[PDB]
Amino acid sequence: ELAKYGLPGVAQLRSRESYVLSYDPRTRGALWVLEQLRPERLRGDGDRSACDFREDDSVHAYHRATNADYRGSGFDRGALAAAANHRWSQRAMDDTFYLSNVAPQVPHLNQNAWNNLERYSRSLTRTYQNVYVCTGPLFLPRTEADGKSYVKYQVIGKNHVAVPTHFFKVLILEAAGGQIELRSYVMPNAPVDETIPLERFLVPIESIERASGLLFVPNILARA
């Protein structure tokens, strides 16, 4: 009866045709998005205007990002589950344009290195039976003049949509043979030199797990 008036809401999972997502109403962004990439889901007629994002009415208005929040902010609507990953079905690609699957992203990053990383991810489907992609924001602390560590990020728009300090991407590469291989990257939410090799943004999965509060490694060895 300690829950007579329910519980103040907990982890909001959303199942879309092309990804699953854990929403953070506090930041008005996804904590993570999970895609399962295969070669056939990568081809097809699916298309959409680059700027055609719509708000997620399944998120309460108190905690829902809107297009107006992005207006004049200088940030792209960076999709986490990328639209080109889901050309196989117009509905499946449409679902990537919900704002709940986007985060404020510095435009030079969205167009260049972060895009490059997505291209790379799709290429690994020629070698791997399944490329699971888990994408999400990070908010990483910094030490200031006073010796103290602070998390500092801008919030944009009326609804204070959090602007991540970095993005992570975890590739869970499922071999046809059953070997699972992990490649995880972090890039700062900042203009990133298009010519730095993607490999140099690799980080140990554990540094990502530590910062994000997510765990993949115990979940992977559930059936490994």
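In case it trips you up, residue 1 is the first one in the sequence shown, and so on.
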Completion exercise
With B-factors read from the PDB entry, the higher C-alpha mean of 123 to 131 and 99 to 107 is in 123 to 131
Practice task
Between 205 to 213 and 5 to 13, name whichever shows the higher mean Cα B factor according to the PDB entry.
Solution key: 5 to 13
Practice task
Would you mind checking which of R77, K152, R71, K148 has the top Cα temperature factor in the PDB entry?
Solution key: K148
Practice task
Going by the CA temperature factor in the entry, name the top one among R41, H60, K169, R48.
Solution key: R41
Exercise for the section: Would you mind ranking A92 by its C-alpha B-factor against the rest of the chain and naming the third, lowest, middle or highest? Expected result: highest
Problem - Chain-wide C-alpha B factor ranking for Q179, given as lowest, middle or highest third - result: middle
Practice task
Please rank the C-alpha B-factors of the chain's modelled residues and tell me whether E194 sits in the lowest, middle or highest third.
Solution key: highest
Exercise for the section: Taking the chain's C-alpha temperature factors as the reference, tell me which third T27 falls into: lowest, middle or highest. Expected result: lowest
Fill in the blank from the handout: For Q36, the third of its chain by CA B-factor is the highest
